[PDB]
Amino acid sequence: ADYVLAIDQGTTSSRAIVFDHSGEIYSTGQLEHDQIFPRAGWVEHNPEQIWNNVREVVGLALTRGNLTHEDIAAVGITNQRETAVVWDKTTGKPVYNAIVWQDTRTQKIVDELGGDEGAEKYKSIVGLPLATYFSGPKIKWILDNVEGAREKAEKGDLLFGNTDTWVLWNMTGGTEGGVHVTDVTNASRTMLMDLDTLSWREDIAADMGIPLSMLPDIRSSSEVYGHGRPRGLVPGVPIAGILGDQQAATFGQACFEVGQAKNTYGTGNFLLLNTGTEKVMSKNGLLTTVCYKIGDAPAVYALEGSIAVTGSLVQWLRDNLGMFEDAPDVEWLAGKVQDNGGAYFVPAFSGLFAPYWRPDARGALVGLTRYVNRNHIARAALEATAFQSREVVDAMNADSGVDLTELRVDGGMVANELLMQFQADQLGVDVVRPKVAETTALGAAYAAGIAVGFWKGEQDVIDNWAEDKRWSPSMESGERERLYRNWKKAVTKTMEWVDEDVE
């Protein structure tokens, strides 16, 4: 077997990618699944469509690469986190659609669960605030809303799973031999797992009215969970790796050492920092979570931060204000000027931490003078993505003493030299861009190949890890701080106006 097959079961689509020992793409296949909105704030996925699509991309990837299951040494799985699936273990049929992490129907349940200020109720144990994103409250919604579900869960007839678990169950035979398992990274996103013991917590489960029988067996992120069902496309093939999507991209970037972090650039940004075997609890409102766990080796933990508006800023300037209608890539406008021209963008929800720690939907644009033009505005818009990233990094550093040693990056925006160099300048550490952009799928492959010996372990992966390039800090140190301070000041004053803003 010369290849490892990764399945990335994402939010909007699912793809299979076949990798070789070097970490290079051999063949791929991809399909979208429906985003279902039964009503406002509700976001659902049809679980069967997800399975049949996954079934199909695998076939697609093999066919394109002229491969046979005989060529696959292992299958790795990565998935959109938090999305909740509840199905019958006997009929195999879901009792309701998968409730996506984007869904907000559980706001009320989340508010009752916490009680008059209780969002932080479970943080010390599970590392998460009570929010609409996480699985637990979603399972509770399914048990309080669906006819009969709770009684059958009581009986032990219902299974819960993130889609890693849903995909794994179907790939091992479903109602015939299906294994009900999840890894530590995905379990850390449900609100039910104790970060220290890596086990389900009975008290939190009871609090949410969730029978323990619905919960899958928590295992590591790298070990043989099972084998491809006999009559499928990957008959006999070991399925030996699972990592939540962001943890997988982190793993595919080879952020194996303390201080290494991965920043993903999209409409919004996600940043995870490897804090080693030491678990760090945030004082800045950040998430604590599991980065990965390779078999019997100790779990490696992480701090996770998110930024609501990064790449979507420039997209809003275009679709809402009608700017840049002439230029597709804004980088080429920002490059026509030397500076932000005194302009600063206070993106919405940028007021993450100080002085209030209360992100708001209202943003601003300050420092406009007669000289300022759209090239400056393009420049400042890119800077705000970097500034926000820096403020999440400073929060992480303040919480650990594990200071970001370097940033590895993925996402569409990693193709912007200006942004990337400025990101390095602002952070004062190197910024590395991998040669393979699908870090999410690559992480799932590394996790699975390690478990079966296709790769010998973490060090061997580093040896086969190739980078595209890296940017090193070069900006005048004084200019580096001036920009950052003026920006944090802008954020502050903007939040002050917002408090007194009577809408």
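Counting begins at 1, following the sequence as shown.
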| query | finding |
| --- | --- |
| Mean Cα B-factor comparison, 149-157 or 248-256, giving the higher one as deposited | 149-157 |
| Average Cα temperature factor in the PDB entry - higher stretch of 419-427, 86-94 | 86-94 |
| Per the PDB entry, maximal CA B factor within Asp410, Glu304, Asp394, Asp329 | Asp329 |
| Residue, from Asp319, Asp164, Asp116, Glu383, that the PDB entry assigns the highest Cα B-factor | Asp116 |
| Position of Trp357 among the chain's modelled residues by C-alpha B-factor, lowest, middle or highest third | highest |
| Third assignment of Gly443 from its chain's C-alpha B-factors | lowest |
| Chain third (lowest, middle, highest) by recorded CA B-factor, residue given as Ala1 | highest |
| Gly173 - which third its CA temperature factor falls in, relative to the rest of the chain | highest |
| B-factor third for the C-alpha atom of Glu48 within its chain | middle |
